[PDB]
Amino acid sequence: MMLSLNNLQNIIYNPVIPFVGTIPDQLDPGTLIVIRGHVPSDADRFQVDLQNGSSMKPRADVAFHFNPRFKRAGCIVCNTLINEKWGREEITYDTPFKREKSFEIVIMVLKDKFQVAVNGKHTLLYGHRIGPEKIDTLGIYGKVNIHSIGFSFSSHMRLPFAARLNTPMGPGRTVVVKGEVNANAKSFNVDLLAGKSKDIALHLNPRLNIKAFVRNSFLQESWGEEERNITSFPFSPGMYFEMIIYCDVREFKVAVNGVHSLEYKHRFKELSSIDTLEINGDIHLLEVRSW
């Protein structure tokens, strides 16, 4: 598995092992935990435990025990601890982890199971044995060096919304946004910027109060000429919408609710440099997809 957008809520760097920390939000379905680190050359085993509390006597129940072990075969042992008792063991062989090799673990929470990919490859599924709402602490123990842990909750779409584009911008790349305009909305914005050069390749600014759709670029510390021509303002306060920003070789093509609205000749020519998406304004953000 791979993430199209980097928009993590909490981030922790270099926690000391053993590390036991409180999960900053509820693991509702769709929630992501990203763990980046590497295993030392002398690693016998390490484990990532999703727990209900952090008591050690009685040992706190472990809803999800993810335990990579290094041996001739190499595997990941998964299990659950309830009232200090382990349940049915589930072993996944052909382990993706290696001594002296770095790794990225993406744990996805679903309604009935955790889905786990390591280094961009599906690794294993583990059905919930404990309700996920009962999980409130992340424990990490053993021989492993953790660089960072990050999270993505249901709240990942609050405004302002800022997200890095793990896929560099280029012809054929699509960015769709779905949401609902606030009942008393004035305006909102969707910008595609080249994070580095502090430039805005594309500024999509629907202004509802004056009922116009402004698009422009902010280049070299200066706003350019605004483009407002349009067959009809597609937005209404309180209206559901989907907007498709399609990057083409000659321009950006944007549609709303299944209808082409406008084209925008590229002003920033280094497309591959457009690596940042920002959404703000008077809307309720429902979904953002980089493709």
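The numbering used is simple: start at 1 and walk along the sequence shown.
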When mean C-alpha B-factors in the record are compared for 80-88 and 136-144, the larger belongs to 80-88
Of 66-74 vs 245-253, the stretch with the larger average CA B-factor in the entry is 245-253
Looking only at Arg129, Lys178, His122, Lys196, the Cα with the top B-factor belongs to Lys196
Residue set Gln220, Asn205, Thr95, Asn182, per-entry CA B-factor max assigned to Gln220
Of the three thirds of Cα B-factor ranks in this chain, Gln47 occupies the lowest
Assert third(CA B-factor, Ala162) within chain per record equals middle
Sorting the chain's modelled residues by C-alpha B-factor and splitting them into thirds places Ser187 in the middle
Assert third(CA B-factor, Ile274) within chain per record equals highest
By the entry's values, the third containing the CA B factor of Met56 is the highest
